[PDB]
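The chain below stands alone and is given as structure tokens, in the form deposited in one PDB entry.
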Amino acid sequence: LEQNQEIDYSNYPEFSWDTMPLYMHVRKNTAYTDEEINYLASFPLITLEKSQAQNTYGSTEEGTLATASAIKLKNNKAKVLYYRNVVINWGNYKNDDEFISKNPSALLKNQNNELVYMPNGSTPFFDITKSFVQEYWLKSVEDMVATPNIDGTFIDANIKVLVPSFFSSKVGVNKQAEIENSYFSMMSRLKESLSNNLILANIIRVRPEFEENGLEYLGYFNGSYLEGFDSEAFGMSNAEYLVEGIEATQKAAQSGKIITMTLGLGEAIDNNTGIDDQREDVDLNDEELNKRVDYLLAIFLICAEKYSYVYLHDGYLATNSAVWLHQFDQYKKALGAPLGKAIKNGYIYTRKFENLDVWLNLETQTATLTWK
């Protein structure tokens, strides 16, 4: 497996321990307002998702360029990443639509010559085993990253390539191995061509198939995004699953890799409204909600090192998120640099920072943040 490169922080985002280090990961179907641009520009690291303002700019490619230009004019130090899925042919990319229309052989088929799909039955996959698909995809990423207001790329669906059953159950064992081989070739190409830029990947993940829960695959990347971090599977308890995720994240962060930890608040915010009635306004000062914020931040702080950033989210679509444009009080309070590593005692973790003491219990799913 690809080894990690020697650490060079030249192109890394800004980072401070003074207050919570925050990540943003976002789309909107139309252009951001000026106020929204100012909000985005306040984050040190921003990923622009697929379906980026396409109903204003006609395409994600153009909506990305316009959004990134506006962010950079407000804060030229904000780092902006372009999302790219390595295998799923999601909609709203004008260049992808043209490429697939002109070249139907670019899509992935099973051994019976049938197109295979995501669970919606309509979104297909790129057959990255084909040279011309690899070249198209790599060029699309390199061309976008080369533009002035884009600093790097967020690579998605690595785990769909690397967990053998995902594609072997669709296209067979040999084709899965071929997809994997081509994936490694493509990531090696980006590691070299984007060496003066940033590459983040959705890669660290508790998986029975991954002996090191994704750390073994970080060699191509400046860091990992984390999702599914508190969503247990494989018969593991919630606490057991988080213990493994925390260990992997601590190791990656201590190695100097960027970490962008996403944790959902959707379940703590939902109040059984919004489907056939107005969605009830969320009291973002609610005491129980803030206990959940404390808990999720405590998980993050037990792991964090320099270049670790957190996003407690209500989905990535700005217009459907109750936390969009908002900042919890925990994000404004003095944090300060760690005074050492977390201490683990069973499912209880503690950590001291210059202005904060953290206590976390994974079994009870509770935490305390004692600000100084």
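All residue numbers are counted from 1 along the displayed sequence. Under this definition, the rigid core comprises the largest set of C-alpha atoms superposing within 1.5 Å between the forms.
Just so it is clear, the following notes concern the form deposited in another entry, a form of the same protein that is not shown.
### Task
Could you check which of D143, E244, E135, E280 shows a C-alpha shift of 2 Å or more between the shown form and the other one after a rigid core superposition?
That would be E280.
### Query
Cα of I269 displaced 2 Å or more between the shown form and the other one, core superposed?
True for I269: a C-alpha shift of 2 Å or more.
### Query
Do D294 and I269 have their C-alpha atoms closer or farther apart in that other deposited form than here, with the shift being 3 angstroms or more?
Farther is correct, given that in that other deposited form the C-alpha spacing of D294 to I269 is increased by at least 3 Å.
### Query
Which way does the C-alpha gap of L284 and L335 go in that other deposited form, closer or farther, given it changes by 3 angstroms or more?
Farther apart, by at least 3 Å.
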